[PDB]
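Novice: Here it is: the structure, laid out below.
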2 protein chains.
Amino acid sequence: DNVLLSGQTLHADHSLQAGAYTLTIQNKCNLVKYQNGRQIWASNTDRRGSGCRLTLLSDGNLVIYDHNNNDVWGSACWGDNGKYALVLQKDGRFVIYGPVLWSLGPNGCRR
Amino acid sequence: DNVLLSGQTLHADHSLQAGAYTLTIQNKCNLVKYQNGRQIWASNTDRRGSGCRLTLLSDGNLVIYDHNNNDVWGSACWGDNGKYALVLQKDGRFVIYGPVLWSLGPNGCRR
């Protein structure tokens, strides 16, 4: 899995993976990015909670919630409400794209 | 792969895959979608050319180009120049999300 769509959840100890990269939301709440197992970046929120999960909101904001729903860390960046996609890319970057520009259907093109 | 980023190209006979869905740009220019190996959708541009490829532009426009670089078919929908992502979703819908909302970095949040 290399994509997390808005509204979806990555639960404790699960990861996104692309090429040599992995993005894991750890049970103890640290969101960590690895390159061949080497920690290259982290939200630096280890042990700030337990049973943590990662979710992408309808406005594109990326947030880590602990089991009691406290907002542990977030990209703290939002756009208009709609549908977004977090992509862990083979180049190591995890980018949030959105909202929807196009898909099939009548008024399927934004603006 | 289930994602096609701006600047990337899916070449003739190659496809995106997600769950039970496959999206193939055929050499003869027809973009075909399959559900468990069975065609359920097509751009309906078969034989409009040869050596065709599918690419996503920096403005989010999705285009099928033949080997002579003629625009055979496209989403004919675009936004500001930036970065977009075409995602073939597990539910079978292929959606173009963009532009970038957020990424790690000093100027990572759109607006």
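Lettering and numbering for the structure tokens are positional, with chains as A, B, ... in the shown order, residues counted from 1 in each chain, and ligands counted from 1 in the shown order.
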I'd like the neighbourhood of region 85-99 of chain B as a list in words, where a residue qualifies if any of its atoms comes within 6 Å (using only C-alpha atoms), though same-chain residues fewer than 3 positions away should be ignored.
Specialist: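 Skipping anything fewer than 3 positions along the chain leaves residues 97, 98, 99, 100, 101, 102 and 103 of chain A; 2, 3, 4, 5, 18, 19, 21 and 82 of chain B.
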Novice: Write out the residues from the selection above, keeping C-alpha atoms, as a short mmCIF file (atom, residue, chain, number, x, y, z; two decimals), in the first residue's frame.
Specialist:
data_model
loop_
_atom_site.label_atom_id
_atom_site.label_comp_id
_atom_site.auth_asym_id
_atom_site.auth_seq_id
_atom_site.Cartn_x
_atom_site.Cartn_y
_atom_site.Cartn_z
CA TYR A 97 -2.58 15.81 -3.37
CA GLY A 98 -6.02 17.33 -3.67
CA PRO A 99 -8.81 18.00 -3.93
CA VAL A 100 -10.14 16.04 -6.90
CA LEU A 101 -9.37 17.70 -10.23
CA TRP A 102 -10.96 15.15 -12.52
CA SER A 103 -12.81 11.86 -12.79
CA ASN B 2 -1.51 2.18 -8.96
CA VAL B 3 -0.29 5.77 -9.25
CA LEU B 4 0.83 7.96 -12.16
CA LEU B 5 2.39 11.25 -11.04
CA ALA B 18 -5.42 -1.78 -7.89
CA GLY B 19 -7.26 -4.68 -6.32
CA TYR B 21 -8.91 -3.46 -11.37
CA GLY B 82 2.12 22.20 -10.17
#
Novice: Give chain A as a PDB file with C-alpha atoms, in the first residue's frame once it has been least-squares superposed onto chain B over every C-alpha atom, paired in order.
Specialist:
ATOM      1  CA  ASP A   1       1.905   0.174  -9.933  1.00  0.00           C
ATOM      2  CA  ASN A   2      -1.263   2.055  -8.952  1.00  0.00           C
ATOM      3  CA  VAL A   3      -0.016   5.630  -9.287  1.00  0.00           C
ATOM      4  CA  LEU A   4       1.086   7.775 -12.210  1.00  0.00           C
ATOM      5  CA  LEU A   5       2.635  11.050 -11.059  1.00  0.00           C
ATOM      6  CA  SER A   6       2.607  14.139 -13.246  1.00  0.00           C
ATOM      7  CA  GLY A   7       5.456  14.100 -15.710  1.00  0.00           C
ATOM      8  CA  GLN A   8       5.484  10.299 -15.756  1.00  0.00           C
ATOM      9  CA  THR A   9       4.547   7.957 -18.569  1.00  0.00           C
ATOM     10  CA  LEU A  10       2.786   4.618 -18.941  1.00  0.00           C
ATOM     11  CA  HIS A  11       4.007   3.109 -22.217  1.00  0.00           C
ATOM     12  CA  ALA A  12       2.192   0.854 -24.659  1.00  0.00           C
ATOM     13  CA  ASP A  13       0.762  -2.313 -23.118  1.00  0.00           C
ATOM     14  CA  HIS A  14       1.637  -1.301 -19.563  1.00  0.00           C
ATOM     15  CA  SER A  15      -0.972  -0.806 -16.870  1.00  0.00           C
ATOM     16  CA  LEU A  16      -1.841   0.571 -13.481  1.00  0.00           C
ATOM     17  CA  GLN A  17      -3.352  -2.040 -11.183  1.00  0.00           C
ATOM     18  CA  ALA A  18      -5.289  -1.952  -7.924  1.00  0.00           C
ATOM     19  CA  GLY A  19      -7.278  -4.803  -6.449  1.00  0.00           C
ATOM     20  CA  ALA A  20      -9.386  -6.411  -9.165  1.00  0.00           C
ATOM     21  CA  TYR A  21      -8.826  -3.443 -11.467  1.00  0.00           C
ATOM     22  CA  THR A  22      -6.415  -2.701 -14.253  1.00  0.00           C
ATOM     23  CA  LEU A  23      -6.040   0.398 -16.424  1.00  0.00           C
ATOM     24  CA  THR A  24      -4.095  -0.357 -19.574  1.00  0.00           C
ATOM     25  CA  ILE A  25      -2.952   1.947 -22.331  1.00  0.00           C
ATOM     26  CA  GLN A  26      -2.930  -0.375 -25.347  1.00  0.00           C
ATOM     27  CA  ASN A  27      -0.435  -0.119 -28.184  1.00  0.00           C
ATOM     28  CA  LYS A  28      -3.306   0.612 -30.547  1.00  0.00           C
ATOM     29  CA  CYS A  29      -4.296   3.639 -28.458  1.00  0.00           C
ATOM     30  CA  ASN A  30      -7.380   2.521 -26.561  1.00  0.00           C
ATOM     31  CA  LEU A  31      -7.153   3.229 -22.818  1.00  0.00           C
ATOM     32  CA  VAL A  32      -9.117   0.426 -21.171  1.00  0.00           C
ATOM     33  CA  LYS A  33     -10.276  -0.210 -17.615  1.00  0.00           C
ATOM     34  CA  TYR A  34     -10.774  -3.838 -16.595  1.00  0.00           C
ATOM     35  CA  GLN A  35     -12.288  -5.549 -13.580  1.00  0.00           C
ATOM     36  CA  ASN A  36     -10.947  -9.092 -13.346  1.00  0.00           C
ATOM     37  CA  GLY A  37     -10.209  -8.912 -17.065  1.00  0.00           C
ATOM     38  CA  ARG A  38     -13.682  -7.660 -17.980  1.00  0.00           C
ATOM     39  CA  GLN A  39     -13.667  -4.422 -19.945  1.00  0.00           C
ATOM     40  CA  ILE A  40     -15.757  -1.955 -17.951  1.00  0.00           C
ATOM     41  CA  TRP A  41     -14.717   1.307 -19.639  1.00  0.00           C
ATOM     42  CA  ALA A  42     -12.535   2.469 -22.513  1.00  0.00           C
ATOM     43  CA  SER A  43     -11.525   5.764 -24.083  1.00  0.00           C
ATOM     44  CA  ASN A  44     -12.880   4.170 -27.269  1.00  0.00           C
ATOM     45  CA  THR A  45      -9.810   5.113 -29.266  1.00  0.00           C
ATOM     46  CA  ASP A  46      -8.698   1.677 -30.501  1.00  0.00           C
ATOM     47  CA  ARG A  47      -6.697   1.797 -33.747  1.00  0.00           C
ATOM     48  CA  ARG A  48      -6.686   5.600 -33.746  1.00  0.00           C
ATOM     49  CA  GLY A  49      -2.898   5.367 -33.673  1.00  0.00           C
ATOM     50  CA  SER A  50      -0.007   3.069 -32.805  1.00  0.00           C
ATOM     51  CA  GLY A  51       2.742   2.898 -30.184  1.00  0.00           C
ATOM     52  CA  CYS A  52       0.570   4.959 -27.850  1.00  0.00           C
ATOM     53  CA  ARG A  53       1.472   6.106 -24.353  1.00  0.00           C
ATOM     54  CA  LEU A  54      -0.346   7.726 -21.433  1.00  0.00           C
ATOM     55  CA  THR A  55       1.019  10.688 -19.507  1.00  0.00           C
ATOM     56  CA  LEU A  56      -0.128  13.074 -16.768  1.00  0.00           C
ATOM     57  CA  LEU A  57       0.808  16.690 -17.454  1.00  0.00           C
ATOM     58  CA  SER A  58       2.058  19.253 -14.927  1.00  0.00           C
ATOM     59  CA  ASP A  59      -1.410  20.823 -14.837  1.00  0.00           C
ATOM     60  CA  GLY A  60      -3.154  17.536 -14.081  1.00  0.00           C
ATOM     61  CA  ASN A  61      -4.431  16.910 -17.599  1.00  0.00           C
ATOM     62  CA  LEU A  62      -4.347  13.222 -18.560  1.00  0.00           C
ATOM     63  CA  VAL A  63      -3.436  12.563 -22.178  1.00  0.00           C
ATOM     64  CA  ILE A  64      -2.899   9.693 -24.609  1.00  0.00           C
ATOM     65  CA  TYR A  65      -0.217  10.438 -27.225  1.00  0.00           C
ATOM     66  CA  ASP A  66       0.479   8.203 -30.193  1.00  0.00           C
ATOM     67  CA  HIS A  67       4.031   7.608 -31.434  1.00  0.00           C
ATOM     68  CA  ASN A  68       3.858  10.797 -33.548  1.00  0.00           C
ATOM     69  CA  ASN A  69       2.749  12.782 -30.488  1.00  0.00           C
ATOM     70  CA  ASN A  70      -0.799  13.408 -31.609  1.00  0.00           C
ATOM     71  CA  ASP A  71      -3.184  13.938 -28.684  1.00  0.00           C
ATOM     72  CA  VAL A  72      -5.548  10.981 -29.150  1.00  0.00           C
ATOM     73  CA  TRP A  73      -7.663  11.432 -26.027  1.00  0.00           C
ATOM     74  CA  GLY A  74      -7.509  13.419 -22.821  1.00  0.00           C
ATOM     75  CA  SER A  75      -9.361  14.096 -19.613  1.00  0.00           C
ATOM     76  CA  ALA A  76      -9.265  17.675 -20.923  1.00  0.00           C
ATOM     77  CA  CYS A  77      -9.351  18.966 -17.374  1.00  0.00           C
ATOM     78  CA  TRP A  78      -6.585  21.052 -15.836  1.00  0.00           C
ATOM     79  CA  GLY A  79      -5.707  22.970 -12.712  1.00  0.00           C
ATOM     80  CA  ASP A  80      -2.823  25.243 -11.771  1.00  0.00           C
ATOM     81  CA  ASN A  81       0.594  24.029 -12.862  1.00  0.00           C
ATOM     82  CA  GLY A  82       2.313  21.974 -10.192  1.00  0.00           C
ATOM     83  CA  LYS A  83       2.397  18.306  -9.267  1.00  0.00           C
ATOM     84  CA  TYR A  84      -0.506  15.876  -9.510  1.00  0.00           C
ATOM     85  CA  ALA A  85      -1.155  12.201  -8.947  1.00  0.00           C
ATOM     86  CA  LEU A  86      -3.379   9.776 -10.858  1.00  0.00           C
ATOM     87  CA  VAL A  87      -4.442   6.946  -8.557  1.00  0.00           C
ATOM     88  CA  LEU A  88      -6.140   3.761  -9.719  1.00  0.00           C
ATOM     89  CA  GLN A  89      -8.162   2.902  -6.633  1.00  0.00           C
ATOM     90  CA  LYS A  90      -9.253  -0.491  -5.377  1.00  0.00           C
ATOM     91  CA  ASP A  91     -12.838   0.616  -5.914  1.00  0.00           C
ATOM     92  CA  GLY A  92     -12.202   0.857  -9.639  1.00  0.00           C
ATOM     93  CA  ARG A  93     -12.033   4.607 -10.024  1.00  0.00           C
ATOM     94  CA  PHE A  94      -8.923   6.276 -11.378  1.00  0.00           C
ATOM     95  CA  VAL A  95      -8.792   9.737  -9.867  1.00  0.00           C
ATOM     96  CA  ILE A  96      -6.449  12.652 -10.474  1.00  0.00           C
ATOM     97  CA  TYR A  97      -5.568  14.491  -7.259  1.00  0.00           C
ATOM     98  CA  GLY A  98      -3.728  17.780  -7.062  1.00  0.00           C
ATOM     99  CA  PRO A  99      -1.903  19.999  -6.862  1.00  0.00           C
ATOM    100  CA  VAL A 100       0.297  19.353  -3.827  1.00  0.00           C
ATOM    101  CA  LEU A 101      -1.371  20.354  -0.565  1.00  0.00           C
ATOM    102  CA  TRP A 102       1.396  19.358   1.807  1.00  0.00           C
ATOM    103  CA  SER A 103       4.842  17.855   2.193  1.00  0.00           C
ATOM    104  CA  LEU A 104       7.741  18.666   4.535  1.00  0.00           C
ATOM    105  CA  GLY A 105       9.640  21.955   4.353  1.00  0.00           C
ATOM    106  CA  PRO A 106       9.260  25.704   5.167  1.00  0.00           C
ATOM    107  CA  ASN A 107       6.338  26.926   3.057  1.00  0.00           C
ATOM    108  CA  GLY A 108       5.214  23.342   2.564  1.00  0.00           C
ATOM    109  CA  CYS A 109       1.508  24.017   3.065  1.00  0.00           C
ATOM    110  CA  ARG A 110      -0.581  25.387   0.190  1.00  0.00           C
ATOM    111  CA  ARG A 111      -2.636  28.507   0.950  1.00  0.00           C
TER     112      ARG A 111
END
Novice: Run DSSP on the backbone and give me the residues of chain B it puts in strand (DSSP E), as a PDB file with C-alpha atoms, in the first residue's frame.
Specialist:
ATOM      1  CA  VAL B   3      -0.286   5.768  -9.250  1.00  0.00           C
ATOM      2  CA  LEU B   4       0.828   7.957 -12.156  1.00  0.00           C
ATOM      3  CA  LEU B   5       2.387  11.248 -11.037  1.00  0.00           C
ATOM      4  CA  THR B   9       4.260   8.158 -18.460  1.00  0.00           C
ATOM      5  CA  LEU B  10       2.615   4.759 -18.721  1.00  0.00           C
ATOM      6  CA  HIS B  14       1.647  -1.233 -19.564  1.00  0.00           C
ATOM      7  CA  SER B  15      -0.972  -0.615 -16.921  1.00  0.00           C
ATOM      8  CA  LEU B  16      -1.915   0.511 -13.443  1.00  0.00           C
ATOM      9  CA  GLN B  17      -3.375  -2.065 -11.073  1.00  0.00           C
ATOM     10  CA  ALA B  18      -5.422  -1.781  -7.893  1.00  0.00           C
ATOM     11  CA  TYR B  21      -8.911  -3.461 -11.366  1.00  0.00           C
ATOM     12  CA  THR B  22      -6.457  -2.963 -14.208  1.00  0.00           C
ATOM     13  CA  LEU B  23      -6.046   0.133 -16.409  1.00  0.00           C
ATOM     14  CA  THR B  24      -4.082  -0.460 -19.590  1.00  0.00           C
ATOM     15  CA  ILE B  25      -3.004   1.955 -22.295  1.00  0.00           C
ATOM     16  CA  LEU B  31      -7.269   3.089 -22.751  1.00  0.00           C
ATOM     17  CA  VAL B  32      -8.965   0.027 -21.277  1.00  0.00           C
ATOM     18  CA  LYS B  33     -10.171  -0.688 -17.743  1.00  0.00           C
ATOM     19  CA  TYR B  34     -10.695  -4.254 -16.531  1.00  0.00           C
ATOM     20  CA  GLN B  35     -12.381  -5.799 -13.509  1.00  0.00           C
ATOM     21  CA  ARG B  38     -12.790  -8.388 -18.019  1.00  0.00           C
ATOM     22  CA  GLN B  39     -13.166  -5.081 -19.865  1.00  0.00           C
ATOM     23  CA  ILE B  40     -15.724  -2.782 -18.239  1.00  0.00           C
ATOM     24  CA  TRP B  41     -14.597   0.561 -19.690  1.00  0.00           C
ATOM     25  CA  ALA B  42     -12.529   2.031 -22.520  1.00  0.00           C
ATOM     26  CA  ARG B  53       1.298   6.188 -24.138  1.00  0.00           C
ATOM     27  CA  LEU B  54      -0.596   7.818 -21.287  1.00  0.00           C
ATOM     28  CA  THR B  55       0.926  10.724 -19.426  1.00  0.00           C
ATOM     29  CA  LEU B  56      -0.163  13.132 -16.702  1.00  0.00           C
ATOM     30  CA  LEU B  62      -4.295  13.337 -18.556  1.00  0.00           C
ATOM     31  CA  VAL B  63      -3.388  12.655 -22.144  1.00  0.00           C
ATOM     32  CA  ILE B  64      -3.017   9.743 -24.528  1.00  0.00           C
ATOM     33  CA  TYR B  65      -0.314  10.510 -27.107  1.00  0.00           C
ATOM     34  CA  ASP B  71      -3.194  14.100 -28.604  1.00  0.00           C
ATOM     35  CA  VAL B  72      -5.617  11.236 -29.189  1.00  0.00           C
ATOM     36  CA  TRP B  73      -7.684  11.508 -26.049  1.00  0.00           C
ATOM     37  CA  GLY B  74      -7.525  13.194 -22.691  1.00  0.00           C
ATOM     38  CA  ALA B  85      -1.437  12.371  -8.979  1.00  0.00           C
ATOM     39  CA  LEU B  86      -3.587   9.925 -10.928  1.00  0.00           C
ATOM     40  CA  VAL B  87      -4.717   7.097  -8.683  1.00  0.00           C
ATOM     41  CA  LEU B  88      -6.382   3.891  -9.846  1.00  0.00           C
ATOM     42  CA  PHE B  94      -9.220   6.339 -11.493  1.00  0.00           C
ATOM     43  CA  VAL B  95      -9.045   9.830 -10.070  1.00  0.00           C
ATOM     44  CA  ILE B  96      -6.706  12.752 -10.598  1.00  0.00           C
ATOM     45  CA  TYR B  97      -5.905  14.569  -7.345  1.00  0.00           C
ATOM     46  CA  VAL B 100      -0.044  19.436  -4.050  1.00  0.00           C
ATOM     47  CA  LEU B 101      -1.534  20.478  -0.738  1.00  0.00           C
ATOM     48  CA  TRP B 102       1.292  19.448   1.575  1.00  0.00           C
TER      49      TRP B 102
END
